[PDB]
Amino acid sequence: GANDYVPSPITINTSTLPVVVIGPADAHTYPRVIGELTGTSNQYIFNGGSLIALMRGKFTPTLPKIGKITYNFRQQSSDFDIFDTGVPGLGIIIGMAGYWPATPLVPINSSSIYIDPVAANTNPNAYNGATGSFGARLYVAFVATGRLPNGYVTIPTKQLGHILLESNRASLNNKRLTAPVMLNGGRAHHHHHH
């Protein structure tokens, strides 16, 4: 049916964090970015309806934010909210972008933001060109916010936030379809030396 779009999560994997080695120069200095996860993408965060639509995606982070940190993703520098994972000593920062490669990375540093098209953040009438899917790219870096144990650190799967689907077709907009933005759990490997 015309509006039978269905949500699909976008996920990024703890297991891709490189081994974290902290030497005497950066030991006990907080906060500090300790590594980036492999960036991911999902073309079909919303997909399925038979009638094409002009769509946009609004992201809302849902973890507690405890501070800010300046960072430039390897995948200018910007401020990012540091979100508390619930694991002592570990925070995360988030960036997101449109699925299409030319769209810019959007730092997560506010209560909610349109990740694509970014024009919608200053124009409430701005949507993506009409098509059958809405997708995104996801970027995450881990932050040492405090002492971490040596060895393997278990990181449970966490929901980072959700994307709300909006459209200039009211019947689709009124569904308030939402898709989870997920950090798949894993183990970080951490070595700390003085």
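Residue numbers here begin at 1 and follow the sequence given.
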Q75 to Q76: deposited residues without atomic coordinates: 4 to 9
Residue stretch of maximal mean CA temperature factor, 20-28 vs 171-179: 20-28
From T145, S41, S133, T157, residue of greatest CA B-factor: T157
Candidate residues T62, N125, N128, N150, the one whose C-alpha B factor the record puts highest: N150
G67 by Cα B-factor - lowest, middle or highest third of the modelled chain: highest
Chain thirds of CA B-factor: placement of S110: lowest
Third assignment of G48 from its chain's C-alpha B-factors: middle
Ranked against its chain, the third holding the CA B-factor of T85: highest
